[PDB]
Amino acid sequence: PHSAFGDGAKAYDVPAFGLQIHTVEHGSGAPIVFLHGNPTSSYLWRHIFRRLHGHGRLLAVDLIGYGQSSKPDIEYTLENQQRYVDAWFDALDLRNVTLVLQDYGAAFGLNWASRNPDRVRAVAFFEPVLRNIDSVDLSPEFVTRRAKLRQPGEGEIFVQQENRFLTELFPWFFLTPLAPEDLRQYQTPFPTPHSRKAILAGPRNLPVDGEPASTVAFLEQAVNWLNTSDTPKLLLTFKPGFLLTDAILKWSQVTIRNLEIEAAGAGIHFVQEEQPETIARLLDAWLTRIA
C-alpha cells in the first residue's frame, strides 16, 4: 500500500463473485471500515487512516469499479454495487463495526448497517449520498453537467471518451487545489474509456429533484434503521459543503436517532483532502467517547 497510509499497513485483495476487492489494513482490534465514493478509492482516506493508528483494525476498501479493484463490464446500479459491498463484509465476517462513510460510501454502508444492525457499533458519515437532493441547493454548474450526463451518449462521451470528469470536474471541486501528484494518483485507476464506467454511473444514480426514483427508493431502505437504532452516529459538517444541503441537514436532525453533529471547518466535498487533521481529531475524540 501507499506510504501515506502509515507504517505497518498491508494490502490484499478480497475475492467476491469472481472479482477482486482491494483492501488496505492496519492494526488490531474492533474494526473501523472506511468507504469512499465517486470517483475516489481507499487513497482518499490515507491521511485520516494514518492518524487513526491504534484505535482498532483499520480497513479501507476500493469499491468494485475503482482504485485497484476489479472493473467489470456490469451496469453499476446501486443494487449491483451493494452486492459486492455485502460480499466484502461477509468474507471478513466483521462484527462490532465502526463505519466511516463519505459520498456513495454512505449509501452502501448505511444500507449494509440497516440489514446488519447486530453487527454495527457506530457510524460516522459526512458529505453523504443519503437523501433526495433539491437541485436549487447544488452548485448550478454541477447540476447542468449532471443533466447533460444523464443523456444517452453525451454522458459516455464526457466521462469515458474525453475523460473530463477526472481532468476537469473532479479537480474543480476542491477548496484547496489538489497537488499535481495527488491528482495523478486519482487518475491511475482509469487509463481507458471502459475503466471509467462506474464514474458515469455516479451522477446518473444521484437523486436530484426526485430522479431517478430507483435511487430515492434504494436510499429509503436505511431510513427506518437511522430513525430507530440506538447505535451512536456522528455527522461532520463543512462550510460550504456540497451534498449535505441545509434541507438534508435539517432532515437528519429531525429523523436520525442518537446523532451528534459537529462542524469540521471549511470544505466542499472531498473533505478528507481538505481537513484531514480536523476530521481525524473529531473522529478520535468520538471513538474515545464511545469506548
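Each residue number is its position in the shown sequence, starting from 1.
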| item | value |
| --- | --- |
| 216-224 or 101-109, whichever carries the higher mean Cα B-factor | 216-224 |
| Mean C-alpha temperature factor, higher of 28-36 and 234-242 | 28-36 |
| Candidate residues 96, 132, 195, 163, the one whose C-alpha B factor the record puts highest | 96 |
| Entry-reported Cα temperature factor of residue 229, expressed as the chain third it lands in | highest |
| Modelled-residue ranking by C-alpha temperature factor, third containing residue 84 | middle |
| Cα B factor band for residue 118 (lowest, middle or highest third within the chain) | highest |
| Entry-reported Cα temperature factor of residue 187, expressed as the chain third it lands in | middle |
| Within-chain third of residue 200 by Cα B-factor, per the entry | lowest |
